[PDB]
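Asker: Kindly generate the corresponding structure for this input.
(chains A and B)
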Protein chains: 2
Amino acid sequence: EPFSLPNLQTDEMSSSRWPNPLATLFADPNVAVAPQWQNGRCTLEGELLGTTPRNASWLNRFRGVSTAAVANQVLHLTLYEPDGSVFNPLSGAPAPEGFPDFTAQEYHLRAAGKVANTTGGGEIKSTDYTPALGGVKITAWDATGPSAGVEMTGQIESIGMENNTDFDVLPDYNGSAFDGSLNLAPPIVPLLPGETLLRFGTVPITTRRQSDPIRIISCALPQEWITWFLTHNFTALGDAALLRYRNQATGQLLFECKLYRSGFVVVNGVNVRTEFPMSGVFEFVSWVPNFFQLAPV
Amino acid sequence: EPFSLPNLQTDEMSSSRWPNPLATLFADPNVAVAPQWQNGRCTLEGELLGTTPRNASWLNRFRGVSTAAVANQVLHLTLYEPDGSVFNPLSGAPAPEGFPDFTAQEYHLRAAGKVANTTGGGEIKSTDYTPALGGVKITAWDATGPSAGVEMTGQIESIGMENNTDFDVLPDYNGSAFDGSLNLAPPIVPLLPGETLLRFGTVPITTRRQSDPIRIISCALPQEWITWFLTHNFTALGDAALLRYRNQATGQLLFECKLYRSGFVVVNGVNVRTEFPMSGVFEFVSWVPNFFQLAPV
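Answerer: Numbers count the residues shown, from 1 in each chain, chains lettered A, B, ... in the order given. Take a look at the structure below.
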């Protein structure tokens, strides 16, 4: 089938790195380092990359089994994948599908099992966020159960986040500074030098906002585009899909952009951080080579 | 475009009444009263009913403005709709789009504003769950702010839920002991007497499970099907779409069912509550009239 994108406005779509509606659309050419996001990554031909979950709703969800009974507000889980199979550290994955792919001081959560007295809240402290090792230690856990051997499923709800730039810093998934053995999706770098990554932004709930209160986490593809690629049998006939971003109510063509086949969008001619209207729709035009030069925004 | 459904397995899709992956698929013929869900409602031609949000990720999200500074762990919010427009409580809508459409003792939440000391947790007690009035009183609010006139955005994360049957009991949205002035989408009723509603189930996190720990909330359509109908220009050439539910790996056809044009699925010949495998895909077969009688499961 010929390539297309869903006829949804940006503000009708969802982040693929934090479950929430998209709220901003912007290009920032002065970010310190290129992002290496592990969620929200998919090729145009429908190949998921990194820890990107195939089920949209497994983003920020987790499943596991308690390794010991709760004591001293500590719950340790051996981690499973969304399919219920055991997560195998030896596979090279940094974490089960859908796990957070950025640095934070705390990851706040809620969880429950299928038996009584297992609904609780807690958090994973940064030093304990080492899912590549096969488990996570949940602290400040406020339920009396579970006992050992009980399946738990939960949701990461918010983060302790003192510094917004840490959304673009991968966590120490294996508890060390050395990620060489991990099978990580590659950094996102525009192919032409004047191009700037187009960021789809949303607002997560965070604590530790005393220094500066604005929190924005970006992703490369709206979740609805990822699902679109999974539900169509597209062939990437060129290096990039040339798209137009159009306000369908007002007719105004806002800009053209390139959706590279590895799954990210760029615009040209951005010299300072630039925000774009949210009520537009992205429409496919044609396939273009990597060095196709876009009209500046 | 000819009618189709996305090629996702049931366990690869999401509930449209609680944000979480689908976990069960079942038909219960012994539910005495038909459900009147206000979320997860969409015709095959892509027209939303009830409070069903156009953006998948606005389910269980809310936004508004504080009417007073926080005091005594109470935060009162005047509600907005998802698009930031003011929710007019005189209009007859039961709630802003995406608000929970069932009865619970407490609706647990988290929220935050643009300024520091506004990230908190709290809850809406059942007696305060009257969003049709244009606002909600949040209690057990644990942040020191916001002051008055401050925008807040938040998420419903879990419920206090004594009885699973209350997932199918609409709440008293206007606090008037159900007076019938509200604009509600109609009950979901199979058009033939031998048919049973096919329920797409997920597990929300709930408290008050000490006595019966299993909690399952059902919906009429996976969220991904609703988005599919919004992103295609379908014309229902019949009263109902005949579907086959097939395990694509083994090729095993499990049952046939009818997807009625108003947006729900039924099976035939179910005499006891019956669960079905989650690894199947619903495939469109043809259009059939309302009187078409399905092969029994």
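Asker: export stretch A:67-84 as CSV, just CAs?
Answerer: Extracted C-alpha coordinates of stretch A:67-84, given in CSV (Å, rounded to 0.1, in the frame of the first residue of the first chain):
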residue,chain,number,x,y,z
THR,A,67,11.4,-12.1,45.1
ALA,A,68,10.6,-11.9,48.8
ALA,A,69,7.8,-10.7,51.0
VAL,A,70,7.5,-7.0,51.5
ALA,A,71,9.5,-5.7,54.5
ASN,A,72,10.7,-2.2,55.6
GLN,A,73,8.7,-0.7,52.7
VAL,A,74,10.8,-2.6,50.1
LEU,A,75,9.4,-4.7,47.3
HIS,A,76,11.9,-6.4,45.0
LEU,A,77,10.6,-7.6,41.6
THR,A,78,12.1,-10.0,39.2
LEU,A,79,11.1,-8.5,35.9
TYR,A,80,8.9,-10.0,33.1
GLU,A,81,8.2,-8.8,29.6
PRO,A,82,4.7,-7.6,28.7
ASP,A,83,4.0,-11.0,27.2
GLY,A,84,4.5,-12.5,30.6
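Asker: Please identify the buried residues of it?
Answerer: A:70, A:75, A:76, A:77, A:79, A:80, A:81, A:82 (16 or more other C-beta atoms under 10 Å in any protein chain shown). All C-beta atoms are positioned from the backbone trio N, CA, C, and that covers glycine.
Asker: of the residues you listed, list those near chain B.
Answerer: By C-beta under 8 Å from any C-beta of the partner chain, the members of the buried residues of stretch A:67-84 lying near chain B are residue A:82.
Asker: Apart from its chain neighbours, what residue comes closest to whatever residue of the stretch 51-200 of chain A ends up closest to chain B?
Answerer: Closest residue of the stretch 51-200 of chain A to chain B, C-beta to the nearest C-beta: residue A:57 (3.9 Å). Spatial nearest neighbour of residue A:57, chain neighbours left out: residue B:14 (3.9 Å); criterion: C-beta to C-beta, 6 or more residues apart in numbering or on different chains.
Asker: count of residues packed around the one you found?
Answerer: Per other C-beta atoms under 10 Å in any protein chain shown, the neighbour tally for residue B:14 reads 26.
Asker: For it, which residues count as its bridge partners?
Answerer: Here residue B:14 sits in beta bridges with residue B:21, going by DSSP bridges.
Asker: Tell me which residues touch it, please.
Answerer: Neighbouring residues of residue B:14 by C-beta atoms under 8 Å, 6 or more residues apart in numbering or on different chains: A:55, A:56, A:57, B:20, B:21, B:22, B:56, B:202, B:222, B:223, B:224.
Asker: Is it correct that residue A:276 is in contact with residue A:245?
Answerer: Yes - with contacts counted by C-beta atoms under 8 Å, residue A:276 reaches residue A:245, the gap being 7.1 Å.
Asker: which neighbours do the two share?
Answerer: Residues touching both residue A:276 and residue A:245 (C-beta under 8 Å, 6+ apart) are A:254, A:255.
Asker: which one of the two has more residues nearby?
Answerer: residue A:245 (22 against 17).
Asker: secondary structure element for that one?
Answerer: Per DSSP states H and E: residue A:245 is located in strand A:240-246.
Asker: Please apply the same query to residue A:284.
Answerer: Element membership for residue A:284 (DSSP H and E) is strand A:281-288.
Asker: starting at the chain centroid, how far to that strand?
Answerer: Remark: strand A:281-288 is offset 24 Å from the chain centroid, using C-alpha atoms, centre = their mean, to the nearest Å.
Asker: Look through chain A and tell me its longest strand.
Answerer: In terms of residue count, the longest strand belonging to chain A (DSSP state E) is strand A:151-160.
Asker: which secondary structure elements does that strand contact?
Answerer: strand A:61-66, strand A:75-80, strand A:106-113, strand A:206-207, strand B:151-160 (3 or more C-beta pairs under 8 Å, 6 or more residues apart in numbering or on different chains; DSSP states H and E).
Asker: mind listing what residue A:138 touches?
Answerer: A:74, A:75, A:76, A:77, A:109, A:111, A:122, A:123, A:124, A:128.
Asker: quick revisit: quickly run through the sheet partners of the strand holding residue A:284, with directions.
Answerer: Using DSSP bridges, strand A:281-288 pairs in its sheet with strand A:240-246 (antiparallel).
Asker: which residues touch the partner strand?
Answerer: With C-beta under 8 Å, 6+ apart, strand A:240-246 has contacts from A:3, A:5, A:44, A:191, A:252-261, A:265, A:276, A:280-290, A:292.
Asker: if we can go back for a sec, so which of the contacts of residue B:14 sit within helices?
Answerer: Among the contacts of residue B:14, DSSP state H puts B:223, B:224 in helices.
Asker: just the helices in the stretch 101-250 of chain A please.
Answerer: Using DSSP state H, counting those that start in this stretch, the helices of the stretch 101-250 of chain A run over A:223-230.
Asker: where do the strands sit along it?
Answerer: Using DSSP state E, counting those that start in this stretch, the strands of the stretch 101-250 of chain A run over residues A:106-113, A:120-125, A:135-138, A:151-160, A:195-202, A:206-207, A:217-219, A:240-246.
Asker: Determine which stretch of those is the most buried.
Answerer: Counting by mean count of other C-beta atoms under 10 Å in any protein chain shown, strand A:217-219 has the highest mean neighbour count of these, with a mean of 26.
Asker: Residue A:291 reaches residue A:190, doesn't it?
Answerer: No - using C-beta under 8 Å, residue A:291 is not in contact with residue A:190; the gap is 11.4 Å.
Asker: Show me which of these two is the more surrounded one.
Answerer: For residue A:291 versus residue A:190, the count of surrounding residues by other C-beta under 10 Å is larger for residue A:190: 20 against 9.
Asker: in the sheet, who's paired with the residue lying closest to the more buried one once chain neighbours are set aside?
Answerer: The shortest distance from residue A:190 to any non-neighbouring residue, by C-beta to C-beta, 6+ apart, is to residue A:266 (4.6 Å). Beta-bridge pairing for residue A:266 (DSSP bridges): residue A:197, residue A:258.
Asker: Identify the residues contacting residue A:266.
Answerer: If you count contacts by C-beta under 8 Å, 6+ apart, then residue A:266 has A:190, A:191, A:192, A:195, A:196, A:197, A:198, A:257, A:258, A:260, A:294 around it.
Asker: ok, now residue A:66?
Answerer: By C-beta under 8 Å, 6+ apart, the contact set of residue A:66 is A:75, A:76, A:77, A:78, A:146, A:147, A:148, A:149, A:150, A:152.
Asker: Just flag the most distant two among those.
Answerer: Greatest spatial distance among the contacts of residue A:66 (C-beta to C-beta): A:78 and A:147, at 14.2 Å.
Asker: per the record, what domains does chain A have?
Answerer: Domains of chain A are assigned by automatic domain parsing as A:10-52+A:185-288, A:57-160.
Asker: Indicate which one of these is closest to residue B:185.
Answerer: Residue B:185 lies closest, by C-beta to C-beta, to one member of the domains of chain A: domain A:10-52+A:185-288, at 20.3 Å.
Asker: still on that earlier bit, out of the strands of the stretch 101-250 of chain A, nearest to residue A:63?
Answerer: Nearest to residue A:63, of all the strands of the stretch 101-250 of chain A, is strand A:151-160, at 4.9 Å by C-beta to C-beta.
Asker: contacts for that closest one?
Answerer: A:60-66, A:75, A:77, A:80, A:100, A:104-114, A:118, A:123-124, A:146, A:204-208, B:20, B:110, B:119, B:155, B:157, B:203, B:205.
Asker: let's go with 6 Å and repeat that
Answerer: Contacts to strand A:151-160, defined as C-beta atoms under 6 Å, 6 or more residues apart in numbering or on different chains, come from residues A:60-65, A:77, A:104-111, A:113, A:205-208, B:110, B:157.
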